[PDB]
Protein chains: 2
Amino acid sequence: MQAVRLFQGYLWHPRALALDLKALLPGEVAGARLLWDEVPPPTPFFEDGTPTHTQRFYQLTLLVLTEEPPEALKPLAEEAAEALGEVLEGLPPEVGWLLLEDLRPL
Amino acid sequence: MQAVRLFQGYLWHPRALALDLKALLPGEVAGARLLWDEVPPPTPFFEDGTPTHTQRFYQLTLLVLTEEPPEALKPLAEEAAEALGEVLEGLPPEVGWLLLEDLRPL
């Protein structure tokens, strides 16, 4: 069976501030393995106009192992948002982040 | 050679309006494969209070085949994301979307 790679958000920190993400993030959330992969900044500027190129960005993905339709992902997705949200909230202020909740559509 | 998955953002449309995304979207963008997966909404309500359940959401990802590390991939990453932006600007307003390149996170 193919695993659904559910995007959850991003984590970032100053490149000058070398962090050990393995000491900050859990290996799984809501029963699904959590992955973090470094990627280029997905946006050029922060809210205050500061350039993002001084930060290293990590893409957060949840590997969901299922066979059910896209619709069934709801329960797990909601559980992940709450759980991951609780984890990132307790992180030091130097670590920036954004979850799906911060991707307000209209 | 590395196969890098770069999340781009979300696309959505009324559930009642059965669109054929395979016909709507291009298979590739800037030499990178464009992937889309139906997933739960990133949030339960639109910026206007209406529930997001009335739509079907899809996460958009660019699959880039590269030998460059994250920091050096920036140029190509930006070019590719910008190209996708132009693709979506050409879609009917019924197709809603949000791309990271336009986001200004805190």
Side-chain angles (χ1 to χ4, degrees), chain A residues 3-12 15 35-64 66 68-81 85 93 96-103 105-106, chain B residues 2-13 15 35-64 66 68-82 96-106:
Chain A
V4 171
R5 312 178 80 78
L6 187 61
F7 171 76
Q8 291 299 295
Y10 297 97
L11 174 155
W12 62 86
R15 177 174 282 86
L35 303 181
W36 49 92
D37 301 281
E38 183 176 17
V39 299
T43 181
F45 304 104
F46 283 110
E47 210 297 300
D48 62 25
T50 299
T52 59
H53 70 73
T54 55
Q55 311 284 299
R56 295 182 62 173
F57 284 74
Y58 290 86
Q59 190 168 278
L60 302 182
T61 300
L62 283 179
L63 301 178
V64 184
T66 187
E68 299 301 305
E71 285 287 302
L73 292 176
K74 177 184 174 182
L76 179 55
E78 307 175 310
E79 195 185 316
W97 52 272
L98 71 80
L99 292 178
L100 306 186
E101 167 208 59
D102 301 298
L103 297 182
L106 64 170
Chain B
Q2 287 60 274
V4 182
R5 292 178 54 89
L6 300 187
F7 177 70
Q8 304 290 304
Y10 290 102
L11 172 159
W12 61 86
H13 66 71
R15 186 182 297 286
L35 309 176
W36 58 86
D37 310 295
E38 180 176 1
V39 300
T43 188
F45 305 107
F46 284 110
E47 290 293 282
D48 53 75
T50 61
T52 55
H53 175 55
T54 63
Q55 317 284 301
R56 289 175 70 177
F57 286 78
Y58 302 87
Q59 48 175 47
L60 305 179
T61 299
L62 282 185
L63 182 58
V64 185
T66 177
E68 305 293 332
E71 183 170 46
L73 186 61
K74 176 178 173 292
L76 182 162
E78 289 184 57
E79 180 206 317
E82 189 285 330
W97 53 265
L98 73 83
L99 293 178
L100 262 291
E101 61 172 18
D102 295 318
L103 198 69
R104 297 297 185 263
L106 290 171

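The analysis underlying the following values was restricted to heavy atoms, covering all of them including side chains, and did not include hydrogens, waters or symmetry mates. Proteins get letters first, then strands, A, B, ... in listed order; numbering begins at 1 in each.
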Not counting sequence neighbours, list each pair that qualifies as a salt bridge (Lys or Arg N to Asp or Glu O under 4.0 Å) and has a residue in residues 39-54 of chain A.
none
Whatever's closer than 4.5 Å to a heavy atom in chain A on B:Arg5 counts as both
Show, in sequence, the C-alpha distance, side-chain angles and deciding distance for A:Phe7 and B:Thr61, and conclude whether the side chain to side chain contact (heavy atoms under 4.5 Å, CB included) test is met.
CA-CA 10 Å; A:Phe7 171 76; B:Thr61 299; over 6 Å; no
Those residues of residues 35-45 of chain A, ordered by number, that approach chain B below 4.5 Å (heavy atom to heavy atom):
A:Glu38, A:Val39, A:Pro40, A:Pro42, A:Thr43, A:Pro44, A:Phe45
Could you look at A:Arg15 and say if it's the side chain, the backbone, both or neither that has a heavy atom under 4.5 Å from chain B?
side chain
Using a 4.5 angstrom heavy-atom cutoff, name the option from A:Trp97, A:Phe57, A:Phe46 with the most pairs to chain B.
A:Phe46
Would you compute the distance between atom OG1 of A:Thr52 and atom CZ of B:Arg104 and round it to the nearest 0.5 angstrom?
9.0 Å
Side chain to side chain contact (heavy atoms under 4.5 Å, CB included) partners of B:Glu101, counting only residues at least two apart
B:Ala81, B:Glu82, B:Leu99
Give the minimum heavy-atom separation between A:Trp12 and B:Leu106, together with the two atoms involved.
CZ2-C, 4.1 Å
With a 4.5 Å heavy-atom cut-off (strictly below), which parts of residues 69-79 of chain B touch chain A? List them by number.
B:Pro70, B:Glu71, B:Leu73, B:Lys74, B:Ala77
Turns out that what part of A:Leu98 lies under 4.5 Å from chain B's heavy atoms comes down to side chain
